[PDB]
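Asker: I have a structure here, written as structure tokens, and I will follow up with some questions on it.
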Amino acid sequence: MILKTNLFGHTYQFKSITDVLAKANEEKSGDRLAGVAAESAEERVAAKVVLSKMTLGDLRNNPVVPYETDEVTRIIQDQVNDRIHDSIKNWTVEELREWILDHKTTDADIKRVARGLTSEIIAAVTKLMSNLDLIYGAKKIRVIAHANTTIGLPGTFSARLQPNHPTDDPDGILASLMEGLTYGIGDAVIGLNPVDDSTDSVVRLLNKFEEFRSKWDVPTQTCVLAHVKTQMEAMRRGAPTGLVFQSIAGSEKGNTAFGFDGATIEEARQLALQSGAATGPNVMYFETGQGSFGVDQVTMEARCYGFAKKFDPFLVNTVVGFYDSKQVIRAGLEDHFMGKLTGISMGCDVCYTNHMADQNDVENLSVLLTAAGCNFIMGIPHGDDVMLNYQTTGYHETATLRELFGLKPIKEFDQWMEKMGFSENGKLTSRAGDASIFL
Amino acid sequence: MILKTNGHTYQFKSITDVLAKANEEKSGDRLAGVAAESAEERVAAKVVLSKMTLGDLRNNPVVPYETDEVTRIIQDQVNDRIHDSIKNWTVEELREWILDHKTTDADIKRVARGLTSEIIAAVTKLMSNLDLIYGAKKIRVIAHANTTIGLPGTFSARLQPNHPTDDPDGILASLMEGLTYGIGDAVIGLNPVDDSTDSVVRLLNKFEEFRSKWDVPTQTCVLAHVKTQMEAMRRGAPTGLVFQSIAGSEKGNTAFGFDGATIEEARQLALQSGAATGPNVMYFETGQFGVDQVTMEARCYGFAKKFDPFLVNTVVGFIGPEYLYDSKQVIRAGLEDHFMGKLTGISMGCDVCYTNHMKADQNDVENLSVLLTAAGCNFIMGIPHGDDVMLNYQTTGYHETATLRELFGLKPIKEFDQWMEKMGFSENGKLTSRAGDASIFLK
Amino acid sequence: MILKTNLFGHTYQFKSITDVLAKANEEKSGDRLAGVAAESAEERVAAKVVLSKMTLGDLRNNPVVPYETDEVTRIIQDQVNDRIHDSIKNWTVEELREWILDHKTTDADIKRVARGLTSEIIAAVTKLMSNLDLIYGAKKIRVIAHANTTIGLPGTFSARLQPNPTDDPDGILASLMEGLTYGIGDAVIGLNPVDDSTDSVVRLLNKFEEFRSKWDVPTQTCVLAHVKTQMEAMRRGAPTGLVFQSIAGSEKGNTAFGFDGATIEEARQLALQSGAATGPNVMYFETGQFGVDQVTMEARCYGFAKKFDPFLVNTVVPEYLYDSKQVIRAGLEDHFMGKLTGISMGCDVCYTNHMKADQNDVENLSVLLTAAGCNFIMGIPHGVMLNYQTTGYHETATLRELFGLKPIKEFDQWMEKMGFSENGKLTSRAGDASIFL
């Protein structure tokens, strides 16, 4: 294959596909720090030109971590329909891009072609797309999934309810939960990322979370975001969970560092279907984000999505961190699109402190992702002040974002809200922020 | 009025100072020395500005009524009765109220009668980007030249080819291409290289022949000096609109070569012998001593409101010192400008400048354009800049505008949309295979 | 410009444009009494023929009252866009008529042509239109205005609440409340006071606004005194939504009414600076019937009114009636010319139940006007205690229901918040002013 372009008055040769994929990315902090980024704006345009002419055959057959060496590569590659791929193998990345964006190409068509794609291809096409392409292209693509209720339907926008609190103090958590419900937060999931993630603490929390949900008959899913194996361990001890969560990576090496493999995730899925509190079939909740190999962040993100797709998740959130702020927006839009095209329920967690990284930047991305058909987004505030983080909730801003686009919580949760008097025809009432009805 | 606040006593030198230090970090303000010394100070300025009554800002324009015509024009638009009823409202209260569910667009428009540009700038300074999006969406503003711009479910765009030499065939090509993507429903014009009265005249008649040839429901304009256009008009050359770059101070306007009385003359002249049905025939361009960029921006709208324009485009740019600049500021200013203008009651758009060497330099423009379109902005245009004058002419933005419309399900102005369908360029809002194909014009 | 024609059997020559305008009108009482009418039905057809072939430029250039002499002609003529007018100057009156009434011709088109028209052209085209043309032709045209709320939107029908004895407070008050329960007063809540002294107007405005604010009624208030009286009342701090003045089609008429162009504009700006309406449309004008005919004079009031972008423009319309049809004809003409001029056109109908008009005639004209797209109509009984109680509230309500119209949006929302109506239909609380007292 070529890997060389003369544009303009200078021949640029690239070492490999991995090199071309990496240098074809827009400016990214992590790639720069790893030495894989483009040495100039001109070299980056060259990478993009080279990539645009690369065929889907070449990319599919040369995954950036070999098949014999990496389980994630095998999981990704084993999902391909070889017959479908064979008919698109001679298409170029740029032809794939144009085809995906064309008027006459439908969500159904795209899902058919997805069967002939791999994470490296998804990754590749994303790099040749503009921010408006990533938005318009992702909107075209519908992805839905069902645990207790169905996420992803047009006209809806969902939100995870996960109170912080440094101590995980029962009162502070409960208070944040109830307030959150009044704003319509918690239809995607109701949960906690616990400080004490011992098997017994997870057992205690899961039990408490289902007691609360069952009390108020909230149509949603519960999930304690500890290690996959700890949640499984709690579930074998009789604790109910709606979803099973795990942070994931784009390599076998990466997942091993996190403490699991495909078999482990598959065992958790079968255990949740057998004994979980959710109807199913979508019971996994995965977290990605870069990173923790010579391969770029975008391509490795794609590969996480390809791993995730194998286990039919209810949710798959990336984590982007708010050097120009435009990078974070770009990342969020890329993630969201690669994931929608991969066919997974994709969301996005946006971290912030305040460093030209503020709440305004988070809002910029949020609005952009919502125009893209992203069904769940959540700001994650950081800072030395652990109490402004707990109190900075994003509940009111999410209600606002919904109203702006005219979206509602998942159908059954929106019905629950009207029965509680917290909302009416999508818009919140005077009871918003008023958790009195619970007490 | 109190200009102090707290575990540290912060104090400000004036209203002009608080307005300035209350802003979000901006390089133009920072380089002009007016910005805040820290985030703690910024938060402090916002707190002081938030407890300030509307009467205090109404009575304390950042440029004196005695001195400056812009200040008078702003202040003379106020209804003293309505202002009186709200004079004791605090700035934070005005923000809350604007954003509240029970508060409607007609309510806002009423309260705007008792407001001034300094107050409009004051409230904007206390709003997050989401507030500026959601709050501007609430506000509808329409204007009618030959057609009505501003209606919900629509999005309009200027057709303004930037050929380096103003080659008649380079323009004719770009114009016809644009029309096939549905561009030019807001206005068909040129910012010409030769802005001489005889040039402007030649241009105005050429554009008019072309528009009239294809019976294109829109307006024409040549973005020159208001005085150049008037001469051209007095010689018998037709114009849909009359353009003028404006400023937020008499000095600024005087520097630009005109005053309030020049714009009224231009306006009444357009109503007398212009090619637009009217009443809205003015087309202003805004964009940025001791007064911050936002407050000055507000004051241009306050100026422009008096002349009921068809369009008022701010100009923001993804160009800058590189080390002191961040894209967020360009986004924030666009969102701010749009809100303030909509709150002022003017048909408000936004021109976005960018260093155009890569296709990825447009990502920044697209970010803002999507945020603004979600806020109800009915017209946005990209302006390519850089040493490559011919790429700038090729970087047309037509396809990207058509895609922006389909993303939100918007169409061009009603009559133009009807023209598009009669020409075969679109159907129920979406373009056809004919998009880009100038053949129907040549055949 | 020919002014002769052979009305097949005789040759009729006319003195001037003024003469031909006048003779083309159908039989009108004032025009007859003034000696400007046609001597025979045959010379009226001849008048029309001549008018029909007359070009628009000729009409624009020759106003019935000279530009050098008359303010109203200048106010009218200075509003013309010469450029637009130049394109149509060779159109005839008949041709202009045809064009208004064409399927393919839109409200937007008509608004562009209006800019090249004048009151004498508006008058002329109307003189050649049938009653259906005036109804249909006007239906096509939408005119909206905004003071506190917006009058003129389609699907709405607005009404004035202006209590008619000795300026009795107990009886004015009771009339307001009873009026609001039927949904009267979305256009404006006013009063034509017997005592039109500045002091009296100031007392009235303060009480009207006190009441309106108390009940939070979304509408405009206005005391129908002299413009200069209202202006002084405003300078003393009295709040008014609209500013009222009867106006005429000549500088002599306005001068006789006691005001001029600068007075009206001084009033307009005053309302904008300290009125209680949001605006921009704050003026409320009354019109209605030299050697110039009634109709052409009417058209000229509208052109005058237009320069001041009024919220409302009511025209007023029994012993000298050759037939009641003339009242119906007058109203349809007035509405068309007002809509063609681009003004919020309303209509006040007078009746004394005479053999030729008569409450049933005020219904004929009302239903006809409502089909015409008229958004404001009011009945005015003449000849004291049976005229205050002769209300028109129930008739107004039944008219809306007949056409499926509602009051102005905000006022309609207030009607439902008050339990007086539901979806434009009144409830059992209609007439029952208990919610107030």
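Residue numbers (the deposited numbering), protein chains in the order written: chain A, 1 to 292, 300 to 329, 336 to 369, 371 to 453; chain F, 1 to 6, 9 to 290, 300 to 454; chain C, 1 to 164, 166 to 290, 300 to 327, 332 to 397, 400 to 453. Idealized CB from N, CA, C, for every residue including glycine.
#1: Using a Cβ-Cβ cut-off of less than 8 Å, list which residues of the stretch 108 to 136 of chain F approach chain C; keep chain order.
#2: With a threshold of 8 Å between beta-carbons, can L273 (chain F) be considered close to chain C, or not?
#3: Any Cβ of chain C within less than 8 Å of the Cβ of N81 (chain F)?
#4: Note the first and the last residue of the continuous alpha helix (DSSP H) segment covering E377 (chain C).
#5: Quick one, which of F:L442, F:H396, F:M431 and F:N324 has its alpha-carbon nearest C388 (chain F)'s?
#6: Look at the alpha carbon of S214 (chain C) and the alpha carbon of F318 (chain C), and state the distance between them as a whole number of angstroms.
#7: List the residues that DSSP assigns as beta-bridge partners of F286 (chain F).
#8: Evaluate contact between the stretch 406 to 413 of chain F and the stretch 137 to 151 of chain F, counting only Cβ atoms and requiring at least three cross-stretch pairs below 8 Å.
#9: Does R343 (chain F) have its Cβ less than 8 Å from a Cβ in chain A?
#10: Using the three-state DSSP reduction, which class does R83 (chain C) fall into: helix, strand or coil?
#11: Look at the alpha carbon of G280 (chain C) and the alpha carbon of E98 (chain A), and state the distance between them as a whole number of angstroms.
#12: May I ask you to list the residues that DSSP assigns as paired with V189 (chain F)?
#13: Residues bridged to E438 (chain C) by DSSP?
#14: Give a yes or no on whether 8 Å exceeds the smallest Cβ distance from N374 (chain A) to chain F.
#15: Is it a yes or a no for the stretch 99 to 114 of chain F touching the stretch 282 to 289 of chain F, going by three-plus beta-carbon pairs under 8 Å?
#16: Cβ closer than 8 Å: which chain F residues qualify as neighbours of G276 (chain C)?
#17: Residues of chain F with CB under 7 Å from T279 (chain C), in chain order?
#18: Whose CA, out of F:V224, F:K4 and F:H396, lies closest to the CA of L51 (chain F)?
#19: Name, going along the chain, the residues of the stretch 231 to 258 of chain C whose beta-carbon falls closer than 7 Å to a beta-carbon of chain F.
#20: Among all the DSSP beta bridges, which residues are the ones paired with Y12 (chain F)?
#21: Excluding the 5 residues preceding and the 5 following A37 (chain C) in the sequence, name in chain order all residues of the same chain whose CB lies nearer than 6 Å to its CB.
#22: Using the C-alpha atoms, what's the distance from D362 (chain A) back to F329 (chain A)?
#23: For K454 (chain F), does the count of other Cβ atoms within 10 angstroms reach 16, so buried, or fall short, so exposed?
#24: If we define contact as Cβ-Cβ less than 8 Å, is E426 (chain F) a contact residue for chain C?
#25: Got a sec: is the Cβ-Cβ distance from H146 (chain F) to anything in chain A below 8 Å?
#26: Hey, which unbroken runs of the alpha helix (DSSP H) at 4 residues or more fall wholly within the stretch 124 to 186 of chain F?
#27: Would you report the Cα separation of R204 (chain C) and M1 (chain F), rounded to the nearest angstrom?
#28: Determine whether the Cβ of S437 (chain F) lies closer than 8 Å to any Cβ atom of chain A.
#29: Within its chain, find whatever has a CB closer than 8 Å to the CB of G155 (chain A); leave out the 5 residues flanking it on each side and keep chain order.
#30: If distances are taken between C-alpha atoms only, which option among A:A22, A:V49, A:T55 and A:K53 comes closest to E39 (chain A)?
#31: Please state the DSSP three-state secondary structure of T92 (chain F).
#32: Kindly list, in the order they appear in chain F, the residues whose Cβ is closer than 7 Å to that of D337 (chain A).
#33: Which stretch, first to last residue, makes up the alpha helix (DSSP H) that contains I342 (chain F)?
#34: From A188 (chain A) to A449 (chain F), what distance separates their C-alpha atoms?
#35: Just the C-alpha distance for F452 (chain A) and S437 (chain A), rounded to the nearest angstrom, thanks.
#36: Span of the beta strand (DSSP E) holding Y365 (chain C)?
Answerer: With the given structure in hand:
#1: The residues in question are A108, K111, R112 and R115.
#2: With 8 Å as the cut-off, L273 (chain F) counts as an interface residue toward chain C.
#3: Yes, because at least one Cβ of chain C sits closer than 8 Å to the Cβ of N81 (chain F).
#4: Here the alpha helix (DSSP H) through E377 (chain C) covers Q373 to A386.
#5: Selected option, being the one with the closest Cα: F:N324.
#6: Answer to the nearest angstrom: the Cα atoms are 27 Å apart.
#7: DSSP output for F286 (chain F) lists F:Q246 and F:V323 as bridge partner(s).
#8: At 8 Å Cβ cutoff, the stretches do not touch.
#9: Chain A, which has a Cβ nearer than 8 Å to the Cβ of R343 (chain F), makes this yes.
#10: Helix at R83 (chain C).
#11: Distance between the alpha carbons of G280 (chain C) and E98 (chain A): 51 Å.
#12: BP columns for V189 (chain F) point to F:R160.
#13: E438 (chain C) is bridged to C:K441.
#14: It does; some Cβ of chain F falls within 8 Å.
#15: These segments do not touch.
#16: Residues of chain F with a Cβ closer than 8 Å to the Cβ of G276 (chain C) are, in chain order, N81 and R83.
#17: Residues of chain F passing the Cβ test: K111, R112 and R115.
#18: Of the residues F:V224, F:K4 and F:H396, the one whose Cα lies closest to the Cα of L51 (chain F) is F:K4.
#19: Those residues of the stretch 231 to 258 of chain C that come within reach of chain F (Cβ to Cβ, closer than 7 Å) are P240.
#20: Residue pairing of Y12 (chain F) in beta bridges, as defined by DSSP: F:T5.
#21: Around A37 (chain C), the same chain offers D31 as residues with beta carbons nearer than 6 Å, after the five sequence neighbours per side are excluded.
#22: Taking the straight line from one Cα to the other gives about 10 Å.
#23: That one is exposed.
#24: Closer than 8 Å to some Cβ of chain C, the Cβ of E426 (chain F) qualifies, so yes.
#25: Not closer than 8 Å to any Cβ of chain A, the Cβ of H146 (chain F) fails to qualify, so no.
#26: The stretch 124 to 186 of chain F contains these whole alpha helix (DSSP H) runs: 131 to 139 and 170 to 183.
#27: Taking the straight line from one Cα to the other gives about 36 Å.
#28: Closer than 8 Å: no.
#29: For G155 (chain A), where only same-chain residues beyond five positions count, the Cβ hits under 8 Å are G420, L421 and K422.
#30: With distances taken between CA atoms, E39 (chain A) lies nearest to A:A22 out of A:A22, A:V49, A:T55 and A:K53.
#31: Strand at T92 (chain F).
#32: Chain F residues near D337 (chain A): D337 and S338.
#33: Where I342 (chain F) is concerned, the enclosing alpha helix (DSSP H) stretches over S338 to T355.
#34: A188 (chain A) and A449 (chain F) have their C-alpha atoms spaced approximately 49 Å apart.
#35: In a straight line, the C-alpha of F452 (chain A) is about 15 Å away from that of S437 (chain A).
#36: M359 to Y365 is the extent of the beta strand (DSSP E) around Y365 (chain C).
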